[PDB]
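All chains are identified by letter, namely A, B, C and D, in their written order; residue positions are counted from 1 within each chain.
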Amino acid sequence: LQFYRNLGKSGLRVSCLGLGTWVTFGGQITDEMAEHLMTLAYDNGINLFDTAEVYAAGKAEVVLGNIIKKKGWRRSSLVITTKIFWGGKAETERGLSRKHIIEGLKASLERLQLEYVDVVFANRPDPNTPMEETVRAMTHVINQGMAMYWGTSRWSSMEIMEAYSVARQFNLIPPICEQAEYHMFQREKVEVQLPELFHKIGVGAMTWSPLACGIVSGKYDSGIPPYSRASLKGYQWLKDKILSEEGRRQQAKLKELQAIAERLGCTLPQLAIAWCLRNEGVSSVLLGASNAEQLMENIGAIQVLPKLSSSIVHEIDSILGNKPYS
Amino acid sequence: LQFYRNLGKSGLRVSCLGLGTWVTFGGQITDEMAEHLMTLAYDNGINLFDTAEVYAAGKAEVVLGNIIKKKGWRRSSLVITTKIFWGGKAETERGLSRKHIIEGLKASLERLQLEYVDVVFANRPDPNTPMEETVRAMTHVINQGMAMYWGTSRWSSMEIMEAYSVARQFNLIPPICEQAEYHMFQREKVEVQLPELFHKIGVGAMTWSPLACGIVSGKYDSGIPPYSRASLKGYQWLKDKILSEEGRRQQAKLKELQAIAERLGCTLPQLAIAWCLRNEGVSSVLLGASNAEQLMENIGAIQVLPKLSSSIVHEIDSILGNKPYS
Amino acid sequence: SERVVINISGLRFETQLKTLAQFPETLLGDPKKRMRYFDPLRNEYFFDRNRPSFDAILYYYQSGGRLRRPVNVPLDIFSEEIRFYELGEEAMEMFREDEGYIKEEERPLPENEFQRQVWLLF
Amino acid sequence: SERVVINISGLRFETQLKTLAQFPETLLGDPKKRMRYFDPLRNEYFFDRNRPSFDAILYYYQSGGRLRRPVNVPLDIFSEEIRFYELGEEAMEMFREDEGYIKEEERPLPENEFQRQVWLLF
């Protein structure tokens, strides 16, 4: 029922739903459509938009920035987040070294035509960089006014705790959020490992791919629709998943979940997204959308959230049969 | 007798009387009158002027800044303070998160046409933001040269002590002042809770509404005068107070205080303001004024201060019968 | 190998997480039980308790079971600390034995009304 | 739950404010009495005193009244510390009793000039 939530225990307030730019912005959809998606989201109270230096080789950030500049929205009314790790072909243009974090964020900010982002994320862990260097670099870009906060993505809870202890050890700034994958077929980390970090050090979760790239929408019940992400040039890997043996198994279970959706009076996508928000540990869910129809439907997940009773949740667990052991 | 005082135990020297801009600047009075009030105050040795992002939706800061720029007064001869908390309709445009403190102060500074303020205050406590984040943000804007010092407003002594311990814990900068409400009918906090903080950690008090918005001036002895704050569109709440049962009781007691004023040879407003300055714990009192007459009279409170003997103070306590238990 | 800092009324103790994970059913060995005492600002668990006793409590985990009461700590105070840290009845029993105790016997008249009643005045 | 740091000649002690607020009439329990020892630069109360003794002094508040002299601390030094921290005569009396003391009797001749004078040489 609470549309806005604190990101973890920080003072940053984000809408429980945010809009991402992977695959779509500067790639699958036209800039016109991108402007339409963002306007729709903004007008509906969504204040969180996520992008990354790697998405469409930087074009996603350029498109996101062109819209913000064009619409003239007050910067203080937005929460822009961007991820750093893969910034180029050169050896030194990737990773979480002090060199790439500073250069990477500076370049993203340039493409975004913004003085700063609200949260900068390490797109993934870096085995080749000592934690101290990474935490000092993130702390540095925050002190330089290049970012307000920083977070991790795809880090184990052990690594997140390391960054936190390193921050305390050197009087640096701890990360406030982890961007983890989360949907009905990927529940481990968010349900078993992250809650403890949330209560212990206040790190919140900002989940992605709530529909598993569209797989949980039910649109693949019988084949690969034309124009779906699974048909795009370059996403053969996704197509392989859907048609795989395990792929067929998921689609089968989705047909079982459909009855739950009808009982709750909503569409499957709305149920899948609302499911992700059922536990406090999740601060926000980043949505993906290739058109306005999808976004308008998905935003409706907020009306379903209140109906997710213990009974209903237990039922979905039975159908999925993949509830993780605590 | 000491016109200038240290703000708490810091090295910042402020006049025992300052001029505020709530309701008046950019609102009730013309910019011409504002320039007149400020010139009068400045020429009389007052060096403290208080404003806030929330006053008249930012117009108060714009008016204050236009005067300073026009008069050409040396920046080093002024002590400009501004408060942050309510900066807009958007979810992220309010509170004491790192995001709003930095954006809020940056915007105020822009409206003030100043590189920095001398003291920035958290206009009120924020339950949704960890103390660490707030203290780190205030410390940050000070290190960026956006402010010289920071203070709290409407915080309990417990919260002020928390900010101080958090500052010591992380090598940050502690707050140096609390902006508390204080007048003959609101004595609790300033007399019972703040003195200890003053002696223990050096936090001083900068009090506001010394005349309780005009109520203690005696101008409401028999009805709501035309053009008084209580008659302004939007201050019905103040009008309700004055006419309330407790309102009548106050006005009755003011008629008793008038005899004290005559014995001391001053007007009631002068007595009320001088009363607020009787204890060391109070560094300065922020005055309000809708015209030059009021300001010229109020400034005279400094001549009354020396006459406030223990006997007289005891007498006023009897009439008010609201002296707080230590 | 992650390290844990336990602050006993100002006295700083430090150990490895694996050392505590050795005895899960104790307060310090169970994450859910010690969670309550964590100070996220200083990254340490804080206990407002008796200082001289904790040395032995920590050594218990490091030694793998050795629970020796420090010569300078009263038996009544140390026993309370053993119970607070939830070291368990086995350790407690092992402890009292060494401290020179243990022993509890004596059934009780079953035939209530008659036997048990007579066996009480004889 | 606010925490208090007491530094005894370099030895760092830490407790909760509610623990000290338990005994208001003592030096550490009364804000006005400890104010004198506060160091605003380090946010701690500093006492240039005997180290071994404070452990027991702090335990007194934590235990709720248990005032035991540490085995390694001379009775004359510990008693001075009990008086300095102003723990009170009740605690002091309870203390000397345990330490094996207590006892004060013997009136005195009232009929001055006569009785009291004779009762002194007899």
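Throughout what follows, a contact is a pair of C-beta atoms (placed from the backbone, for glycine too) under 8 Å apart; a residue touches a chain by one contact, two chains touch by 3 or more.
Composition by chain, UniProt nomenclature: A, B = Voltage-gated potassium channel subunit beta-2.
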Selected interface, A-C versus B-C, where C-beta contact pairs are more numerous: A-C
Chain pair equivalent in interface to A-C, over half of contacts matched, among B-D or B-C: B-D
Computed distance of Cα centres, chain C from chain B, in Å: 56
Inter-centroid spacing, chain D versus chain B (mean Cα positions, whole Å): 45
Interchain centroid distance [CA atoms averaged], chain A/chain D, Å: 60
Numbers and ranges of chain B residues touching at least 2 other chains: 169
Residue numbers of chain C (touch at least two other chains): 42
Sites on chain C touched by chain D in the complex: 7, 9-11, 46, 48-52, 71-72, 74, 77
In the complex, chain A residues that touch chain B: 4, 6, 9-13, 15, 47, 74-79, 118, 143, 145, 148-149, 171, 173, 202
Footprint of chain D on chain B - complex, ascending: 158, 161-162, 164-165, 168-169, 196, 199-202
Sites on chain D touched by chain C in the complex: 3, 5-6, 12-16, 19, 55, 58-59, 62-63, 66, 68, 70-72
Residue ranges of chain C in contact with chain A within the complex: 2-3, 31, 35, 38, 40, 42-43
